[PDB]
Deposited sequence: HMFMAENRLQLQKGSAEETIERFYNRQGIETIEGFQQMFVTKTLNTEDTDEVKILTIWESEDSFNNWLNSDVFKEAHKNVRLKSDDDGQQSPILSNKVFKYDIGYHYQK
């Protein structure tokens, strides 16, 4: 039923505070039918690197795919600066149970 997509980013240890806020940009994700929620998290107590996750909740995986194929997605997405992002991966999940007070 409900679907969750995760964009897991590994950053240079300590670079989260200065890098993270950029991921708070929705960039029109809420204009996609089926989009429900978005969370941007920073993992506590990591030592090797800083870990940032962008979680998006959808009514279905089709909704998510439509987002990927949308124009708002296409539109979205100092020189020489070494990037703070070490890895960028995507994971997909079926939400088997959800409850909101």
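Trainee: Could you name the stretches of the deposited sequence that have no C-alpha atoms in this structure?
Mentor: Deposited residues absent from the model fall in 78 to 85 alone.
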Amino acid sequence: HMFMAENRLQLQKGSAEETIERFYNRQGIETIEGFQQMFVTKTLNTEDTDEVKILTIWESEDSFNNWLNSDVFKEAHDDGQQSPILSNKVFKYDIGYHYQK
From here on, numbers count along this sequence of modelled residues.
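Trainee: Per the PDB record, is the mean Cα temperature factor higher over 5 to 13 or over 19 to 27?
Mentor: Here the higher of the two C-alpha B-factor means belongs to 19 to 27.
Trainee: Quick one: say whether 60 to 68 or 37 to 45 has the higher mean Cα B-factor in the deposited entry.
Mentor: According to the PDB entry, the answer is 60 to 68.
Trainee: Which has the highest CA B-factor per the PDB entry: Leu55, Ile32, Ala76, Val52?
Mentor: Reading the PDB entry, the winner on C-alpha B-factor is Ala76.
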